[PDB]
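Residue numbers (PDB author numbering), protein chains in the order written: chain A, 141 to 209; chain B, 318 to 370; chain C, 16 to 65; chain D, 54 to 211; chain E, 10 to 389. We put the beta carbon where it would ideally sit given N, CA and C, even for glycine. In what follows, a single structure is set out as structure tokens and then discussed.
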Amino acid sequence: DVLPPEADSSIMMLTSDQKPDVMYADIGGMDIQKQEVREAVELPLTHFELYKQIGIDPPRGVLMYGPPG
Amino acid sequence: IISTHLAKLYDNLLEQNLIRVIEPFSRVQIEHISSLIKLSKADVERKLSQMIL
Amino acid sequence: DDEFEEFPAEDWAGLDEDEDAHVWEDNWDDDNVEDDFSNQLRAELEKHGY
Amino acid sequence: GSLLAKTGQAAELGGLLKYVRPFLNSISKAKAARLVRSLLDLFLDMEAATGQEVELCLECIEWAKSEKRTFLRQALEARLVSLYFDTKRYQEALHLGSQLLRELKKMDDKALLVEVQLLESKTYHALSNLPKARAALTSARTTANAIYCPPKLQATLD
Amino acid sequence: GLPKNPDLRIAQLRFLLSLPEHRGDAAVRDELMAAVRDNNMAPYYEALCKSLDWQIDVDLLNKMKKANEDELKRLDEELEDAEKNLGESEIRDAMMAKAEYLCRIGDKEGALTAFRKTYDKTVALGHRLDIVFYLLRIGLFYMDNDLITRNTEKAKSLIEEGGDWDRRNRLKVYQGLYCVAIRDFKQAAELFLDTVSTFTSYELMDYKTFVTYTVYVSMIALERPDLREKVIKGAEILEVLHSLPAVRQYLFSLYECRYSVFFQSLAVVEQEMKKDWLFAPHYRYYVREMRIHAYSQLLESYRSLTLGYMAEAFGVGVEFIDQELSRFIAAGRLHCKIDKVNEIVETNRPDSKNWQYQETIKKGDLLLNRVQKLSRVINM
Ligand SMILES: Nc1ncnc2c1ncn2[C@@H]1O[C@H](COP(=O)(O)OP(=O)(O)O)[C@@H](O)[C@H]1O
């Protein structure tokens, strides 16, 4: 047999989706930049079809090298 | 956000009053339900319908 | 391969038009003849007075 | 102008506004611009000549465009967007706000942008455009962070 | 994509002048005001049926057509003779100018020949997409349902597979095949609520006309499930109903299930659909299907609602509703019976078990017919 679930094999958090904890604009940090982050969410926000045709190469990995600020 | 919310709240009390007085009855005449809610027949029937549709 | 012409093959001699030339699916009630509904409702409004 | 507003005069205030134009183009642009805005707001306050208020202010905008007072004419465009929302205008307010946003985002004004975005959020809510109202309101906050103590404006955003 | 949209307008104007004879005075005016323009002589073999054989512009207008067509033809000859440009070159757009001249000015026959010529010549992604769009637009112009099906079939099969973010620019008219046809129930709406227009106001004559098609298709689709969260929640939907109060009136009337205003507004909807070339459900799904949904919605959650009181709650003319109910029950829907001796509507709603079990035995009948046919296929 093969187990379909994979997240609970070593825990390490699970599906945090479908749950509004902190929506978006309710953050106190406003932007810092948050435009590269919205650029990061462009791929989840569909737009992968717009990644082609328009000829862009959307970013894949986003590293935030900041303190707990 | 004045008439809309008051109408929404008015619907809430109508639904709550109907649901609060409806558990005992397996089959109740609707003019008795109107008498308990202290309203007419057409409005009570219309509200009870819109809930059940 | 034969067309079985022994059975009476009366081909439809019109060859004029296809009434449902498009993909429309008809129903037994769809082909009744009336003055639709708008005129009928107007007549209904008139006999009631408004 | 103060006495005309106190008494409630409309024709006299309109004539005064149409007459003071030589003096408007003889002094500091900002001082003349704000005097025009104050007189216009006072005129639009009490006497509700809905068939004349829009036309009179549009004439003032055209006059401001002729005088090349871009910040003045932008301010009156924002005022008519507010007036359009007051008069429940459907979409001519929307394109006017869109035109203002295009002209203003290229600049770096902040008070006008917050008012325009807030007005755009208001008219979406009036037309029950909730998701676009939320998006406009979020942009209104992002723009409103610049002004630290706009006591009237901060209440409007809240 | 702007061309063939004003052509759609004149095509609709010809429809309004031809099919409904009630519009025989204003329809002539709008037809004339848009046929003396737009160079309507080659697209006047259709127009001669309603009005005169030819309006009194023959000398000047034909000279304009022949001169304009000859100039483009001379231009096409120069590109295809003096220069050997082939494939990925400017000859591709030169023949597009040829097709545009043969379409916007000349008759559809020359434009179709020009299109099929360059479609077989160049198969580039951008060129192929543009010509498929043009073929669809001319097909929906001249009401060639065969051409509309042909371009829709190839586009949905292979053409739209290659290249993305342009299908969002095409489904609004790719689903027009379902819109013009009877299939306004499920497939139309599911691919047509998408409020992503290729142009602000084009293709279907407007964005407002785009919404009216959405409202009509949705009304044929469903009565009152959580449509409040499907179309009513739509902010752009609420905005456009603010733009059109009458359109907002019946849509809210159906949502509020207030039949006193619904039927009057529903008749207005049918009258409006009469003035529209998308009139295919002329006797099936203008008002009869919508009220079948409405009557089903009404009589469900009811058991025995009196004919007299349901008549005044749904208009007037107790006899009119009585004959309407009898006609629709004979049609098959409105699951109920009429107690004529007491004038009562005794409904028969099957339980969730009962109705579903009825559906299974029906599908059992169909599939037994299927397997018996397959039993015929074997042993022969
Ligand atoms: N609206 C807000 N804006 C910014 N920070 C917030 C907000 N609400 C909560 N926080 C804080 O952000 C913190 C995230 O901390 P943490 O995840 O440990 O930092 P890091 O991701 O750098 O390890 C939480 O402890 C929480 O208190």
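Rounded separation between residue i and residue j - CA only
i, j, result
"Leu314 (chain E)", "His63 (chain C)", "22 Å"
"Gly61 (chain D)", "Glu168 (chain D)", "27 Å"
"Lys158 (chain D)", "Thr196 (chain D)", "11 Å"
"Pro290 (chain E)", "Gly324 (chain E)", "24 Å"
"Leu167 (chain E)", "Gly195 (chain A)", "21 Å"
"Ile354 (chain B)", "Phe342 (chain B)", "15 Å"
"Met152 (chain E)", "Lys185 (chain D)", "38 Å"
"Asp62 (chain E)", "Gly115 (chain E)", "18 Å"
"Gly171 (chain E)", "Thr123 (chain D)", "48 Å"
"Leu95 (chain E)", "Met105 (chain E)", "14 Å"
"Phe138 (chain D)", "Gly135 (chain E)", "44 Å"
"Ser149 (chain A)", "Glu189 (chain A)", "34 Å"
"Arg385 (chain E)", "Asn47 (chain C)", "37 Å"
"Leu263 (chain E)", "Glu232 (chain E)", "8 Å"
"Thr122 (chain E)", "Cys113 (chain D)", "57 Å"
"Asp51 (chain C)", "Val380 (chain E)", "42 Å"
"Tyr191 (chain A)", "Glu333 (chain E)", "56 Å"
"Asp193 (chain E)", "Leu183 (chain A)", "34 Å"
"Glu176 (chain A)", "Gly54 (chain D)", "51 Å"
"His37 (chain C)", "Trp43 (chain C)", "18 Å"
"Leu92 (chain D)", "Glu108 (chain D)", "16 Å"
"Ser98 (chain E)", "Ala133 (chain E)", "11 Å"
Three-state class that DSSP yields for residue i in the structure shown
i, result
"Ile65 (chain E)", "coil"
"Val354 (chain E)", "strand"
"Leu331 (chain B)", "helix"
"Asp139 (chain E)", "helix"
"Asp348 (chain E)", "strand"
"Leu143 (chain A)", "coil"
"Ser313 (chain E)", "strand"
"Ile151 (chain A)", "coil"
"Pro184 (chain A)", "coil"
"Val386 (chain E)", "helix"
"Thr122 (chain E)", "helix"
"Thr321 (chain B)", "helix"
"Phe19 (chain C)", "coil"
"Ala56 (chain E)", "coil"
"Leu353 (chain B)", "helix"
Proximity below 8 Å, CB of residue i to CB of residue j
i, j, result
"residue 2 (chain E)", "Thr161 (chain E)", "In the structure as shown, chain E begins at 10 and stops at 389. Residue 2 (chain E) is therefore absent and cannot be evaluated."
"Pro199 (chain A)", "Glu179 (chain A)", "yes"
"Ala86 (chain D)", "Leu125 (chain D)", "yes"
"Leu138 (chain E)", "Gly148 (chain E)", "no"
"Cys188 (chain E)", "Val141 (chain E)", "no"
"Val354 (chain E)", "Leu308 (chain E)", "yes"
"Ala303 (chain E)", "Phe271 (chain E)", "yes"
"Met368 (chain B)", "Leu323 (chain B)", "no"
"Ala103 (chain E)", "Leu88 (chain E)", "yes"
"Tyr183 (chain E)", "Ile229 (chain E)", "no"
"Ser60 (chain E)", "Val37 (chain E)", "yes"
"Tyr216 (chain E)", "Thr209 (chain E)", "yes"
"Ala255 (chain E)", "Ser181 (chain D)", "no"
"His251 (chain E)", "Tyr143 (chain D)", "yes"
"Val89 (chain D)", "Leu97 (chain D)", "no"
Closer than 8 Å to chain E by CB, residue i
i, result
"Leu370 (chain B)", "yes"
"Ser357 (chain B)", "no"
"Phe52 (chain C)", "yes"
"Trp27 (chain C)", "no"
"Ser343 (chain B)", "no"
"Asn182 (chain D)", "yes"
CB contact check: residue i to chain A, cutoff 8 Å
i, result
"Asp173 (chain E)", "yes"
"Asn78 (chain D)", "no"
"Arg194 (chain D)", "yes"
Test: residue i CB closer than 8 Å to a CB of chain D
i, result
"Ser98 (chain E)", "no"
"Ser252 (chain E)", "yes"
"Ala255 (chain E)", "no"
For this session: For the segment 265-304 of chain E, list the alpha helix (DSSP H) runs that are entirely contained and at least 4 residues long, ordered along the chain.
Result: 268-283
For this session: Quick one: which unbroken alpha helix (DSSP H) runs of 4-plus residues sit fully inside the segment 208-272 of chain E? Chain order, please.
Result: 217-230, 244-252 and 254-265
Exercise. Of all the alpha helix (DSSP H) runs that stay within the bounds of the segment 82-112 of chain D, which reach a length of 4 or more residues?
Worked result: 82-98
Problem set entry | alpha helix (DSSP H) segments (min. 4 residues) lying fully within the segment 111-168 of chain D | 123-139 and 145-158
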